[PDB]
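[1] fold the following.
(chains A, B and C)
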Amino acid sequence: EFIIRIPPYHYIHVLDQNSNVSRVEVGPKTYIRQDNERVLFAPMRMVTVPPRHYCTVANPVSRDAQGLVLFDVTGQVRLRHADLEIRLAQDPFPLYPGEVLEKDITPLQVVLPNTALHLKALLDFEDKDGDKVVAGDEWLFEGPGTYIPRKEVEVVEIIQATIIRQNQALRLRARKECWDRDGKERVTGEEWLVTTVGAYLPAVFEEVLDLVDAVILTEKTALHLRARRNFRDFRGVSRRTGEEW
Amino acid sequence: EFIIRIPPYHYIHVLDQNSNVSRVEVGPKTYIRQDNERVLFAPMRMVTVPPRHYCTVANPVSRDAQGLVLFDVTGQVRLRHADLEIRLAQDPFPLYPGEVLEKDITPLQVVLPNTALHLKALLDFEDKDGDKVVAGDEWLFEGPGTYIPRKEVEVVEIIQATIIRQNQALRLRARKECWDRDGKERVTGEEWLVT
Amino acid sequence: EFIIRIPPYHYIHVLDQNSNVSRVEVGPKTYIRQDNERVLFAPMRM
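    Numbers count the residues shown, from 1 in each chain, chains lettered A, B, ... in the order given. Here you go, the structure:
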């Protein structure tokens, strides 16, 4: 149990009981241990993440400007505690001591056309575009692209588009005080209708209620309407609460 | 078990336990092993892919500008991990250590007239015509030709033609915001007729 | 039987079965043999 052969693309961890500092032995080697040392476990293949895939390793090692691993003065590997890393496709890295595999190799999930991902920031951070994204903000990553996960950013759900045909309105009610595509104030609880034909993605703060189709008018027909509140109609004529036309 | 004869057009793999690096012995030979070495398995015929056929080998070896195989400093064969190769008809190549056969020799499927193949890009790549095909795009390979598979390009389905006689229209509804043969805008859900 | 420690002021002989040529390992060492090799006898004081 002193001589131990590590296949190519594998590793082990051995602890030196003089300083009680641990390390990793990587490579295609035949390994010879001392008597003061102990090998921790039986050889494990160093994990490989294919292209268009992903993994999260809890408590990543620290790095320098070149990206090299940092050790302690005692010889122990430098870690980052209660912290995670974003590991995309690369060469078969080994896991060091005190490195945990949080999520296995998983497939990067691709966003379909006419849909969007609802992503909220868990912890504050700085944005790719130069912005500061305070924790608790709401986004939409939409389009047909691929989404690369982040640590402090969590995906809440995916939202489909709703289809608006000709002569329809699709009423929307606000989750909170907000703004709208048409560029005008909305408040909590207020409702409105977005006429535009096509497919529609609601914002994070907007919600879809129901589709409302037009009433068709002829020479033998009219439409009896009552005002919910004071407003202006499409003729531009003013309407007080309650009055009918 | 020291003397071992490999028939013509075959191979084996033997591991050298000094460096623990493995290799392949190819050719019509009688092979004599050392005592430190070990032969891994009993002789296997090196696979031959006929013409108009295909195979995928997981984790292909690396190559140089001449196409020669690359080894490590330790003597181990250089590989490409979680990667695939497009192997068409050629001479009976051997499989090196750490080479897996993903799909056997299969027939190249030929596209009939008045039909088309629906092919979507799994991973981004660059196109034969000089284009950059972002992953998730949709194509049609149509006509009577033969389709040579690719690694990052996957075939979703085959679509038949529909026949339009005289005095008929054939209504079509759009999957997503798009364009049309007649060269005019369409939107999601819109319908039209192609005379 | 691969790892073998030779006390100070001793020796052993090991045969390499590739060339079938033999030699001697002298000194205060811990000795690690290959698999193709064989140690001939148990350590003897020089």
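
[2] chain C contacts on chain A?
    A:2, A:3, A:32 (C-beta under 8 Å from any C-beta of the partner chain). Where C-beta positions appear, they are placed from N, C-alpha and C, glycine not excepted.

[3] tell me the contacts of the second one?
    The neighbourhood of residue A:3, defined by C-beta atoms under 8 Å, 6 or more residues apart in numbering or on different chains, consists of A:30, A:31, A:32, A:33, C:2, C:3, C:32.

[4] next one: residue A:52
    Neighbour list for residue A:52: A:89, A:107, A:108, A:146, B:122, B:123, B:135 [criterion: C-beta under 8 Å, 6+ apart].

[5] the same query, at a cut-off of 6 Å, please.
    Taking C-beta atoms under 6 Å, 6 or more residues apart in numbering or on different chains, we find residue A:52 in contact with A:108, B:123.

[6] residue A:98 too?
    Residue A:98 neighbours (C-beta under 6 Å, 6+ apart): A:59, A:79.

[7] how about a cut-off of 7 Å?
    Going by C-beta atoms under 7 Å, 6 or more residues apart in numbering or on different chains, residue A:98 touches A:59, A:77, A:79.

[8] what do you get for residue A:164?
    Residue A:164 touches A:170, A:196, A:197, A:198, A:200, counting by C-beta under 7 Å, 6+ apart.

[9] measure the first one to chain B for me?
    Spelled out, that is residue A:170. Here the criterion is C-beta to the nearest C-beta, to the nearest Å. By it, residue A:170 lies 13 Å from chain B.

[10] could you give the number of residues near that residue?
    21 (other C-beta atoms under 10 Å in any protein chain shown).

[11] hang on, isn't it packed against residue A:194?
    Yes - applying C-beta atoms under 7 Å as the test, residue A:170 and residue A:194 come out as touching, 5.6 Å apart.

[12] overlap in contacts, the two.
    With C-beta under 7 Å, 6+ apart, residue A:170 and residue A:194 have common neighbours residue A:200.

[13] phi and psi next, for the most far-flung residue of chain A relative to its centre.
    Ranked by distance from the centre of chain A (C-alpha atoms, centre = their mean), the top residue is residue A:220, with 55.8 Å. When read as degrees, to the nearest 10, the backbone of residue A:220 gives phi -100, psi 20.

[14] got it, and the one 3 residues further on?
    Listed backbone geometry of residue A:223 is phi -130, psi 120, with angles given as degrees, to the nearest 10.

[15] counting neighbours, what do you get for the closest residue to it other than its chain neighbours?
    Closest residue to residue A:223 apart from its sequence neighbours, by C-beta to C-beta, 6 or more residues apart in numbering or on different chains: residue A:215 at 5.6 Å. When counting by other C-beta under 10 Å, one arrives at 9 neighbours for residue A:215.

[16] quick one: stretch A:194-212 near chain B?
    Yes - Stretch A:194-212 reaches chain B (C-beta under 7 Å from any C-beta of the partner chain) through A:197, A:198, A:199.

[17] mind putting those residues in JSON lines, secondary structure and neighbour count included?
    Listed next are the residues of stretch A:194-212 next to chain B as JSON lines, based on DSSP: H, G, I helix; E, B strand; the rest coil; neighbours: other C-beta atoms under 10 Å in any protein chain shown:
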{"residue": "A:197", "secondary structure": "coil", "neighbour count": "15"}
{"residue": "A:198", "secondary structure": "strand", "neighbour count": "15"}
{"residue": "A:199", "secondary structure": "strand", "neighbour count": "19"}
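
[18] out of these, who's nearest chain C?
    Minimum distance to chain C across those is 69.1 Å, recorded for residue A:199 (C-beta to the nearest C-beta).

[19] what parts of chain A come near chain B?
    When proximity is defined as C-beta under 7 Å from any C-beta, chain A approaches chain B at A:5, A:7-8, A:28-30, A:48, A:50-52, A:92, A:110, A:113-114, A:144, A:146, A:163, A:165, A:197-199.

[20] select only the buried ones of those residues in PyMOL?
    Typed into PyMOL, the next command selects the buried ones out of those (criterion: 16 or more other C-beta atoms under 10 Å in any protein chain shown):
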select buried, chain A and resi 8+28+29+30+48+51+52+113+114+144+146+163+199
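
[21] and the residues of chain A next to chain B, which of them are in strands?
    A:5, A:29, A:30, A:163, A:198, A:199 (DSSP state E).

[22] max pairwise distance over these: which two?
    Spatial extent of these (C-beta to C-beta) is set by the pair A:30 and A:198 at 66.4 Å.

[23] can you show me the helices along chain A?
    Taking DSSP state H as the criterion, chain A carries no helices.

[24] list the buried residues for stretch A:195-205?
    By neighbour count with 16+ other C-beta under 10 Å, stretch A:195-205 contains the buried residues A:199, A:200, A:201, A:202, A:203, A:204, A:205.

[25] pick the one among those residues closest to chain B.
    Nearest to chain B out of the buried residues of stretch A:195-205 is residue A:199 (C-beta to the nearest C-beta; 3.9 Å).

[26] quick one: that closest one and residue A:163 touch, right?
    Yes - in this structure residue A:199 lies within contact range of residue A:163 using C-beta under 7 Å: 5.5 Å.

[27] and stretch A:71-82, how far from the chain's centre?
    On the basis of C-alpha atoms, centre = their mean, to the nearest Å, stretch A:71-82 is displaced by 30 Å from the centre of the chain it belongs to.

[28] quote the end-to-end distance of it.
    18 Å (C-alpha to C-alpha, to the nearest Å).

[29] sort out which residues of that stretch are buried, please.
    Buried, per 16+ other C-beta under 10 Å, within stretch A:71-82: A:76, A:77, A:79.

[30] check contacts around the first one.
    Think residue A:76. A:21, A:22.

[31] could you measure it against chain B, distance?
    As judged by C-beta to the nearest C-beta, residue A:76 and chain B stand 28 Å apart.
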